[PDB]
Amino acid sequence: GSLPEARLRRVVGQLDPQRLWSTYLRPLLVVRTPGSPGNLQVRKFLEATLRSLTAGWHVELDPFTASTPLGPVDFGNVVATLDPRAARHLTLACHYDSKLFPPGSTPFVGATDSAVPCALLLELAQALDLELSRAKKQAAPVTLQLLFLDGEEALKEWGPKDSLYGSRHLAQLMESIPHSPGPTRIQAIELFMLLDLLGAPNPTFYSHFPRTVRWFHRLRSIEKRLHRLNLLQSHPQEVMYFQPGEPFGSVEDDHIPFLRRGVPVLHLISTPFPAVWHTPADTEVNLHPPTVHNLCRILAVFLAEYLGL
């Protein structure tokens, strides 16, 4: 169920690293705390970019107001579903908000956390647009969904109530909406793959959920293959990212509200975290571009194999 070497090198060749970097990543690297103008502008940028894709995605916002330590705040999740008619979908997710820090420092823009995840999803959707479009026209049975969640980060301290505002809301919302066969939109998620903390040098990923280990093994195999095919940079050893064995640690994140409702999850998060995590140095200059593009190639092959593109 793997690509022939020919399909694979063509798929990798559809990626455009400058597009990823300049068209998708750079515009996100602004302060975008919930309720801010910057957050609103990034939301509108994601929406408009997704609506421009030629495949003709269904794009909708999930807006809500919630109580926070800062008083009422308005949040909005961006939900892009390629074929709303389809029974089920692979869902790829990330958070688009940036963590609020108090005034008086260099602004926190969360390059790894999660501007790079956001940009990867946009690049994958654009690079595979012709294949995705063809699949949707063929009424392919499993479509693609991209979620850009708001309010992942705590506004003032992490706990079950000041965190995950967007994902908690969206999971409850999906539970309340009928789908066919469903019976609700929660059952339409065939797999929930959450990208977080990506773009630093030397990431390490582990399988967080035995239920989904087969897909983790697929990612590891694709890393090894692309290494052997001379398609990964600054990758001097065949397995570097996808590590076998017990996880370093689990991480509370936007998958939790879905996991608790029985959705299968793969958590694609570096553990240990980037050295710059939750400091103002989590910026563009501290990203490692070759790693970002390595991950984009791994993910593009994964996506084409998962969906038969």
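Take the two forms, superpose them, and find the largest set of C-alpha atoms that agree within 1.5 Å; that set is the rigid core. For every residue, the number given is its place in the sequence shown, counted from 1.
**Q** Between 103-111 and 87-95, which one strays more from this form in 5 other deposited structures of this protein if you match the rigid core and compare Cα atoms?
**A** Of 103-111 and 87-95, the stretch deviating more in 5 other deposited structures of this protein is 103-111.
**Q** Going by root mean square C-alpha distance after a core fit, say whether 158-166 or 182-190 is farther from the shown form in 5 other deposited structures of this protein.
**A** Higher average C-alpha offset in 5 other deposited structures of this protein goes to 158-166.
**Q** Take the C-alpha B-factors listed in the entry for 143-151 and for 103-111, compute each mean, and give the stretch with the larger one.
**A** Higher mean C-alpha B-factor in the PDB entry: 103-111.
**Q** Averaging CA B factors per stretch from the PDB record, which one is higher: 6-14 or 290-298?
**A** Taking the mean C-alpha B-factor of 6-14 and of 290-298, the larger value falls to 6-14.
**Q** Highest Cα temperature factor in the entry, among the options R85, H95, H89, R211: which one is it?
**A** That would be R85, according to the entry.
**Q** Have a look at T204, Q187, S167, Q233 and flag the one whose Cα has the highest B-factor in the entry.
**A** Highest CA B-factor of the listed options: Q233.
**Q** Divide the modelled residues of the chain into thirds by Cα B-factor and specify which third, lowest, middle or highest, holds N39.
**A** CA B-factor rank for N39: lowest third.
**Q** Taking the entry's C-alpha B-factors for this chain, is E223 in the lowest, middle or highest third?
**A** It falls in the middle third of the chain.
**Q** What third of the chain does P27 rank in for C-alpha temperature factor, lowest, middle or highest?
**A** Within its chain, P27 is a middle-third residue by C-alpha B-factor, going by the deposited values.
**Q** Would you mind checking where the Cα B-factor of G182 ranks among the modelled residues of its chain, as the lowest, middle or highest third?
**A** For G182, whose C-alpha B-factor we compare with every modelled residue in the chain, the answer is the middle third.
**Q** Split into thirds by Cα B-factor across the chain's modelled residues, where does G262 land: lowest, middle or highest?
**A** Middle third - that is where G262 ends up once the chain's C-alpha B-factors are sorted.
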